[PDB]
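K.L.:
Sharing a structure with you now.
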Amino acid sequence: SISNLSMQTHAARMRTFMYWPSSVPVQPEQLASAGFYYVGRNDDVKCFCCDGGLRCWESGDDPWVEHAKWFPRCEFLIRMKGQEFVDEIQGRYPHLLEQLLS
Amino acid sequence: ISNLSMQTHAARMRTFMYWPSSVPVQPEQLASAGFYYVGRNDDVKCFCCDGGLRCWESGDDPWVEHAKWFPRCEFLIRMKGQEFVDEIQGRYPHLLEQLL
Amino acid sequence: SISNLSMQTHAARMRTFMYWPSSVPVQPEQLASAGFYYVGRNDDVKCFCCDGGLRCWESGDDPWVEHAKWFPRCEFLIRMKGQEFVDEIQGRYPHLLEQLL
Amino acid sequence: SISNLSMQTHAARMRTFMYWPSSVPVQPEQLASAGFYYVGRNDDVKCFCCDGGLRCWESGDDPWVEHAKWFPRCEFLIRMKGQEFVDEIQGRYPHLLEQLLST
Ligand SMILES: CC[C@H](N)C(=O)N[C@@H]1C(=O)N2[C@@H](CC[C@@H]1CCN)CC[C@H]2C(=O)NC(c1ccccc1)c1ccccc1
Ligand SMILES: CC[C@H](N)C(=O)N[C@@H]1C(=O)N2[C@@H](CC[C@@H]1CCN)CC[C@H]2C(=O)NC(c1ccccc1)c1ccccc1
Ligand SMILES: CC[C@H](N)C(=O)N[C@@H]1C(=O)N2[C@@H](CC[C@@H]1CCN)CC[C@H]2C(=O)NC(c1ccccc1)c1ccccc1
Ligand SMILES: CC[C@H](N)C(=O)N[C@@H]1C(=O)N2[C@@H](CC[C@@H]1CCN)CC[C@H]2C(=O)NC(c1ccccc1)c1ccccc1
Ligand SMILES: [Zn+2]
Ligand SMILES: [Zn+2]
Ligand SMILES: [Zn+2]
Ligand SMILES: [Zn+2]
């Protein structure tokens, strides 16, 4: 499964970060390596695989952890990081839903 | 308790006076599940967990929706039990994934 | 045309204010006189005539002024207060739509 | 006055419309030309100048008319379209606030 066939390569994902804001603390290298490509609005990124979108990147935020925290069933994440890493992150944040709503 | 004035079924039933007739879910089922009318659209809130629900359709059950979205509500647990809350959570394991 | 025929009379509008919160600064007498009846949730009121709803009543808020501010074309408000009042209030608040956006 | 200094240029507004839904009948060219940029949720757009937001675009909807219909005091709209255009649009829709409180 792949949601965006044109963003399947790191090189293509890196090309979308041309007009990425300089002010954003997270670097485009860490983002593209985690399967994300720039979408052209704010600091909005999407995964070429799971179509999962992330935004509001702050200092210290890691793209792989955020990818595991919000989109744990992404096939690309699982292939790269493994099931142990995804289980560990899901365990650290057991009330994502409760928190979004509360 | 998030709303001390909505503790009683009678008080929750009073809010549904000018509830739309077009909405398929009846105020009797809603107030019994801890919900009171919020005065906008078909928006309801639980007096206990402050959890809000809207967009009620034909066949939607207030206790099951309360269990899907707000499973740690003390009122829902006291009335329906941990088995019900667990069974509903098992039927809907990708709720977050659904909305995202 | 009247939106609620059962709330035509001041007496009927006053009866809806039975479970009205004591904490609300605006009194049910001022509200019912301005065509409003309680809708049974929060401090939400509706006019029997134009079906216009108001809420979040604070200290000093006048029901007749708020009626002209938000629902100026209400036949009841026009009959009771007149076109001069409605016009004067509409002149004081010329950017209401802009204000809420 | 300008609410978003980074969206001052047509080029910058056009860049936000990359992953805009194909299903939406109104084209990003008309939108960006009317001062709007893509916000990133639904078909939600905002004016770089007046911070006025619009959504639920349907077939036949014109961005300049909607801009005049909802945000008539926007300096950018006035400079581009003129006071005659804004006045005519305000005249066709005299009960906008009322229409919201009714529907
Ligand atoms: C990524 C680090 C950041 N601090 C963070 O965790 N942000 C969260 C987030 O991006 N999302 C979670 C919400 C809490 C956060 C919002 C601001 N802190 C839910 C998933 C994600 C999010 O808001 N995604 C957006 C989206 C869509 C398109 C492109 C990018 C982001 C979204 C909104 C509504 C529905 C679906 C997705
Ligand atoms: C209740 C049956 C209905 N079909 C349903 O399940 N609706 C969902 C829903 O109410 N909520 C879930 C979202 C998917 C649904 C939205 C429309 N289908 C998330 C919790 C709830 C919701 O949207 N709550 C609102 C809310 C607030 C205040 C009063 C009522 C409802 C809300 C929005 C944003 C943050 C927190 C809560
Ligand atoms: C009445 C004094 C108060 N300070 C006030 O002016 N409130 C405003 C208000 O009631 N309305 C205006 C919005 C700004 C205010 C909201 C809180 N300050 C718009 C008309 C009214 C309002 O919000 N009405 C509600 C409503 C519906 C049903 C019963 C009561 C109130 C409403 C919301 C959405 C659409 C239509 C009407
Ligand atoms: C633009 C054509 C469309 N058919 C239309 O006229 N939509 C209206 C609209 O966008 N707005 C008017 C409401 C009636 C419409 C809503 C759906 N038909 C009021 C101004 C605008 C609107 O809803 N703006 C939103 C908003 C916020 C942020 C981004 C985009 C839109 C808004 C909601 C609440 C307060 C302030 C603005
Ligand atoms: Zn992914
Ligand atoms: Zn609850
Ligand atoms: Zn009225
Ligand atoms: Zn503008």
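Indices start at 1 and increase along the chain as displayed.
Using the three backbone atoms N, Cα and C, a Cβ is placed for every residue, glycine included.
Below are the features listed in Swiss-Prot for this protein:
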BINDING   A:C47, A:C50, A:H67, A:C74  Zn(2+) binding site
REPEAT    A:10-77  repeat 'BIR 3'
K.L.:
Within the chain of A:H67 (Zn(2+) binding site), which residues six or more apart in sequence place their C-beta under 8 angstroms from its C-beta?
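P.N.:
Set apart from A:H67 (Zn(2+) binding site) by at least 6 residues yet with Cβ under 8 Å, we have A:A34, A:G35, A:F36, A:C47, A:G52, A:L54, A:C74, A:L77, A:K81.
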K.L.:
Give the sequence-ordered set of same-chain residues, not counting A:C47, A:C50, A:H67, A:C74, with Cβ within 8 Å of the centre of the Cβ atoms defining the Zn(2+) site.
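P.N.:
Other same-chain residues with Cβ inside the cutoff are A:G35, A:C49, A:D51, A:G52, A:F71, A:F76, A:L77.
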K.L.:
For A:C47 (Zn(2+) binding site), which of the three DSSP-derived states applies: helix, strand, or coil?
P.N.:
strand
K.L.:
Taking DSSP as the reference, which of helix, strand or coil describes A:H67 (Zn(2+) binding site)?
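P.N.:
Note: A:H67 (Zn(2+) binding site) is helical by DSSP.
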K.L.:
How many other Cβ atoms are found within 10 Å of the Cβ atom of A:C47 (Zn(2+) binding site), counting all protein chains shown?
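P.N.:
Within a 10 Å radius of the Cβ of A:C47 (Zn(2+) binding site) lie 25 other Cβ atoms.
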K.L.:
Using a 10 Å radius around its CB, how many other CB atoms surround A:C74 (Zn(2+) binding site)?
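P.N.:
I get 23 for this one.
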K.L.:
Let me know the DSSP-derived helix, strand or coil state of A:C74 (Zn(2+) binding site), please.
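P.N.:
Reduced to three states, the DSSP call for A:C74 (Zn(2+) binding site) is coil.
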K.L.:
Around A:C50 (Zn(2+) binding site), how many other CB atoms lie within 10 A of its CB?
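P.N.:
A:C50 (Zn(2+) binding site): 23 neighbouring Cβ atoms within 10 Å.
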